[PDB]
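K.L.:
This block holds the first chain(s) of the complex, placed as they are in the complex; more will follow:
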Amino acid sequence: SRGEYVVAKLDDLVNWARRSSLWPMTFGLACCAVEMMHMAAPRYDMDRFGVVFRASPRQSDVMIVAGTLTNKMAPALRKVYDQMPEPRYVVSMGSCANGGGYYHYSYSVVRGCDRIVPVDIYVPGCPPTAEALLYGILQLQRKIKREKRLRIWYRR
Amino acid sequence: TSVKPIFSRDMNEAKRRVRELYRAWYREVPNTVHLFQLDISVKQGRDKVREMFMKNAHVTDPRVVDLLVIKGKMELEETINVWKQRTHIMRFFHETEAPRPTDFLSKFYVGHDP
Amino acid sequence: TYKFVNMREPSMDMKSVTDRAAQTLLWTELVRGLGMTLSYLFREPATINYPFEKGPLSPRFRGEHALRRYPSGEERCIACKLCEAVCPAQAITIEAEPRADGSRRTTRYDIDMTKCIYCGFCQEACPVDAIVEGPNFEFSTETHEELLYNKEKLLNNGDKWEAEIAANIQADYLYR
């Protein structure tokens, strides 16, 4: 149908922009954030793909939870996630962010950042290499490529 | 056996310090509700302060009372300086935990707990 | 021995004073920094073209886990639980029983990849080279549960990566 074709093209265009312009919030917790710096480094330059760190959560699209999430830190992470406007995505990085990690059976560690925020991508490793994190970012981009919001709305 | 007192010597001065801390907490609940934008009432906060003070009413050791008032002052200055968030202040109220059964028949039904 | 990083005084002769004044009024060190940045601009970047180009790795690399087999097809693991005992993060859960033919083989071999710290202790403690850490590192998932590997998943990883795992173990086994 003409309307179906129009909405398909429009949300192909919309998903392309969001996929190609990703702005992670400048947010790192532990040793996993060093591999974020090495992904930002010249070797695996993240700025090629349109992935740029922004300090303010208002101007951020993705939250890369890279490090251990503690009980004393969970409210701040939830606060910045809430203050991030939509559409927003979450990439947990490393064992600590995925589940508990080396500190799973601890009194002061949250066993998974997905207990706090909805996580879109999980990156495995301790720490995941910069290439592993880049693969996770590209996988997030491909996940964005498949979103059909206007197509869902047209048939709604 | 004579022991080194933390404060308060005998029990009367410990009770005096308890009353001082209770006044400090009682005069703080309106400020806590205003600053943290709590949806609870001021009466609810004062009742919670009273309840938290009353669960230690069986203590008969002045040193334990002194340590309790020290920790109460600590958690009061965390509330005054807004070091705490609404998260902890409402953690005081257990708003999300399901009501645990307390009778033998219900406890027998639910599980193996004593 | 020791040295002073900054304890030098400048000469107060007229030529040196004029040189410093020219540096102050004419921003000489700032121009020098500009020249350094321009040189780096005209240099060649150190960026690889991922995913079409991959960063170098070594035979010792610790990536995704795998359960190996003997060349006959028999599983190497003998349910000895040395890896489970030595695991720092307690990421391995093992349950075993005698098999139909009486072999000492596992029935449950779980690794929580969100709990594992990828430290390589399990493959060091294995006396039969059963559990290994393969070369794979691009195995990120979209859901948490997909990272809770079990015995079937680990055996599939071993069957999938057996050639590269065997080559790496052959390359690096004389150092162990």
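P.N.:
Sure thing, it's come through. Residues are numbered from 1 along each chain as shown, chains lettered A, B, ... in the order given.

K.L.:
check contacts around residue 67.
P.N.:
Went with chain A since none was named. A:28, A:29, A:30, A:31, A:32, A:33, A:93, A:94, A:96, A:97 (Cβ atoms under 8 Å, 6 or more residues apart in numbering or on different chains). For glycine as for every other residue, the C-beta is placed from the backbone atoms N, C-alpha and C.

K.L.:
wait, I meant chain C there
P.N.:
Listed by Cβ under 8 Å, 6+ apart, the contact set of residue C:67 reads C:75, C:76, C:77, C:109, C:130, C:131, C:151, C:154, C:155, C:157, C:158.

K.L.:
For beta bridges, what are the partners of it?
P.N.:
residue C:131 (DSSP bridges).

K.L.:
re earlier: buried ones from the contacts of residue C:67, can you make that a PyMOL selection?
P.N.:
Buried subset of the contacts of residue C:67, written as a PyMOL selection, criterion 16 or more other Cβ atoms under 10 Å in any protein chain shown:
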select buried, chain C and resi 75+76+77+109+130+131+151+154+155+157+158
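
K.L.:
Distance of the closest residue to chain C within chain A relative to residue C:175?
P.N.:
Chain A approaches chain C most closely through residue A:99 (3.1 Å), counting by Cβ to the nearest Cβ. According to Cβ to Cβ, to the nearest Å, residue A:99 and residue C:175 sit 32 Å apart.

K.L.:
out of the two, which sits in the busier spot?
P.N.:
Using other Cβ atoms under 10 Å in any protein chain shown as the criterion, residue A:99 and residue C:175 rank with residue A:99 on top: 27 against 7.

K.L.:
Surely that one and residue C:117 touch.
P.N.:
No. Between residue A:99 and residue C:117 there is no contact, the gap being 11.1 Å when judged by Cβ atoms under 8 Å.

K.L.:
add one more, call it chain D:
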Amino acid sequence: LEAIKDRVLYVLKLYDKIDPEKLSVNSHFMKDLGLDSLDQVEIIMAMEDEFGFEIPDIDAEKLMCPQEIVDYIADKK
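P.N.:
Next up, chain D placed on what we already have:
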């Protein structure tokens, strides 16, 4: 002193734990009214909120009767 007395009684009547029927100018807080240390402390704080002057802890412990309250307020003006 009548103004102080009526203000004290008005404050006491607003207290939830205070029974207006049993309330009187000679009613002992602990015995006649059946309160405890913390209730008396809250009463003293409410009295401070009315007359706007600081009552120390040592003096507040000797204010177990409304007549004692009005005597203390009159002495301190």
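
K.L.:
Same as before for the contacts of residue C:67, with chain D this time.
P.N.:
Neighbour list for residue C:67: C:75, C:76, C:77, C:109, C:130, C:131, C:151, C:154, C:155, C:157, C:158 [criterion: Cβ under 8 Å, 6+ apart].

K.L.:
My read is that the fifth one contacts residue C:81, right?
P.N.:
When you say that, I think you mean residue C:130. No. Assessed by Cβ under 8 Å, residue C:130 is found out of contact with residue C:81, at 11.6 Å.

K.L.:
In chain D, spot the helix with the most residues.
P.N.:
helix D:37-51 (DSSP state H).

K.L.:
what's the spacing between residue B:6 and residue B:12?
P.N.:
According to Cβ to Cβ, residue B:6 and residue B:12 sit 15 Å apart.

K.L.:
The longest helix of chain D - contacts with which helices or strands?
P.N.:
Packing partners of helix D:37-51 (3 or more Cβ pairs under 8 Å, 6 or more residues apart in numbering or on different chains; DSSP states H and E): helix B:11-26, helix D:2-14, helix D:57-60, helix D:66-76.

K.L.:
With distance to chain C and mean neighbour count as added columns, please give these in TSV.
P.N.:
As requested, the helices and strands packed on helix D:37-51 are exported to TSV (distance: least, Cβ to the nearest Cβ, whole Å; neighbours: other Cβ atoms under 10 Å in any protein chain shown):
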stretch	distance to chain C	mean neighbour count
helix B:11-26	42	18
helix D:2-14	56	14
helix D:57-60	54	13
helix D:66-76	64	17
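
K.L.:
that older thread, okay, the longest helix of chain D in CSV with CA atoms only?
P.N.:
Taking Å, rounded to 0.1, in the frame of the first residue of the first chain, the C-alpha atoms of helix D:37-51 are listed here in CSV:
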residue,chain,number,x,y,z
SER,D,37,8.6,11.0,78.6
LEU,D,38,8.4,11.4,74.8
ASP,D,39,4.8,12.7,75.0
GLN,D,40,5.8,15.2,77.6
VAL,D,41,8.7,16.2,75.4
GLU,D,42,6.4,16.7,72.5
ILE,D,43,4.1,18.8,74.7
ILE,D,44,7.0,21.0,75.8
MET,D,45,8.0,21.4,72.1
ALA,D,46,4.5,22.4,71.3
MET,D,47,4.5,25.0,74.1
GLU,D,48,7.8,26.4,72.8
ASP,D,49,6.1,26.6,69.3
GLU,D,50,3.4,28.8,71.0
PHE,D,51,5.4,31.3,73.1
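
K.L.:
can you add chain E next? sequence is:
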Amino acid sequence: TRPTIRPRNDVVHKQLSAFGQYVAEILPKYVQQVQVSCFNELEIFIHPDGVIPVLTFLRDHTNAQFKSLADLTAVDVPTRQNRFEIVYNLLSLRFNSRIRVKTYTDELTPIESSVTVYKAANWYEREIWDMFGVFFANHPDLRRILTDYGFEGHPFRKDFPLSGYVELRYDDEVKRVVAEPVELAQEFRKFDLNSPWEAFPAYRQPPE
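P.N.:
The block that follows adds chain E to the chains above:
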């Protein structure tokens, strides 16, 4: 040669023993015991109320210039009447040496704060309080340093469970993080590793 055995230093052992005798003679009112470990570390056990005099002496004395406080922690031994064991590690740069001073306390007995001798004692004693429950009397700002706000209990105590009693999650109904009793999908599997055969005869205790 014995390549696999650590060589010993009798010179340093004798020097440490002599200095331990020196300090024990100088401060008989507080020093209870002096030991030199076989890897040349001097350890001084003193009365709990001698902390300020002993530390001030070890800092300001001409023959003991331990001007640096390397560390300050506590050890929990529940089998003792005074379960908590406060440990001070001092470094003397002038004589290129290190010393250890150990005192004892229990739950209800305060220990004098040494922030007037070393400024690092401020945060070190804050951590000791937060993690063990030891109260320090004259501390400029004594409060929690590492645990969460409102956290109940001192976690480094031996009787404190490894996972604690509460855990955190985000509840959508109340639109905030909540604290609920700890519940584990997989329980921490406790291992009994000790062998029933004695390893070191040198440390064998009398049957008593």
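
K.L.:
quick one on the thing from earlier: give me the distance from the longest helix of chain D to the chain's centre.
P.N.:
Centroid separation for helix D:37-51 versus its chain: 7 Å, with Cα atoms, centre = their mean, to the nearest Å.

K.L.:
Now do that helix: everything it contacts.
P.N.:
Identification of contacts with helix D:37-51 by Cβ under 8 Å, 6+ apart yields B:15, B:19, B:22-23, B:26-27, B:50, B:53, D:7-8, D:11-12, D:14-15, D:17, D:29-30, D:35, D:54-55, D:60, D:63-64, D:69, D:73.

K.L.:
buried set for it?
P.N.:
D:38, D:39, D:40, D:41, D:42, D:43, D:44, D:45, D:47, D:51.

K.L.:
for stretch A:23-35, same thing?
P.N.:
By 16+ other Cβ under 10 Å, the buried positions in stretch A:23-35 come out as A:23, A:24, A:25, A:27, A:28, A:29, A:30, A:32, A:33, A:35.

K.L.:
Mind putting these into TSV with secondary structure and distance to chain D?
P.N.:
Shown next, in TSV, are those (DSSP: H, G, I helix; E, B strand; the rest coil; distance: Cβ to the nearest Cβ, whole Å):
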residue	secondary structure	distance to chain D
A:23	coil	53
A:24	strand	52
A:25	strand	47
A:27	coil	45
A:28	coil	48
A:29	coil	44
A:30	coil	46
A:32	helix	50
A:33	helix	50
A:35	helix	56
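
K.L.:
which pair in these spans the largest distance?
P.N.:
A:23 and A:30 (21.9 Å; Cβ to Cβ).

K.L.:
Tell me the spacing between the most centrally placed residue in chain B and chain C.
P.N.:
The residue lying closest to the centre of chain B (Cα atoms, centre = their mean) is residue B:52, at 3.1 Å. Distance from residue B:52 to chain C, counting by Cβ to the nearest Cβ, to the nearest Å: 37 Å.

K.L.:
Alright, calling it a day.
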